[PDB]
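Just one chain is shown here, as structure tokens, and it is the form deposited in one PDB entry.
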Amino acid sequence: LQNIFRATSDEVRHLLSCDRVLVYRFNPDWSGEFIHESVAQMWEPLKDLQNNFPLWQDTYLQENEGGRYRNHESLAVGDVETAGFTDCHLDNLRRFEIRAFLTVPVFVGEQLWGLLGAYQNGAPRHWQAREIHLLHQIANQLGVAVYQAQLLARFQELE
């Protein structure tokens, strides 16, 4: 499953040639965290930045039990500076040098399980429909892989 994440994250990064790809997973209370990353050589890994560069707290998704994702909606942002985010949100994005990004839902069964994010640093992006569609397909495949990893867990407890 780590294998799966690594595999998925590297694929998205190479297919989109973006700076960073992240996998987010929700906890039962809709808190969550980034559990996997694929990142280009030029940037420091997320966990390392988190040990040194503090952020504004962000409980939005938790307070809203998944927000737009829960309704199968995605976020596609060509330019974060132009998007109209709250100041704290934009400040967080800017802390990670994120200038354009995509975030899509990952569903495991009919349950919102997490998110798949793709980030471009330093310059805006004109995202294309096929890039978004491809990310959704990869997110669906990830969801299936997780769903079946679960199924196989349930199987091996039951013997």
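Note that residue numbering follows the sequence shown and begins at 1. For the two forms, the rigid core is made up of the largest set of C-alpha atoms that agree within 1.5 Å on superposition.
The same protein has a further form, the form deposited in another entry, not shown here; the description that follows concerns it.
Just one of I35, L46, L55, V108 moves its Cα by 2 Å or more between this form and the one not shown on a rigid core overlay, and this residue is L55. Cα-Cα spacing of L16 to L49 is enlarged in the other form versus the present form (difference of at least 3 Å). A shift of at least 3 angstroms pushes the Cα atoms of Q50 and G117 further from each other in the other form than in the displayed structure.
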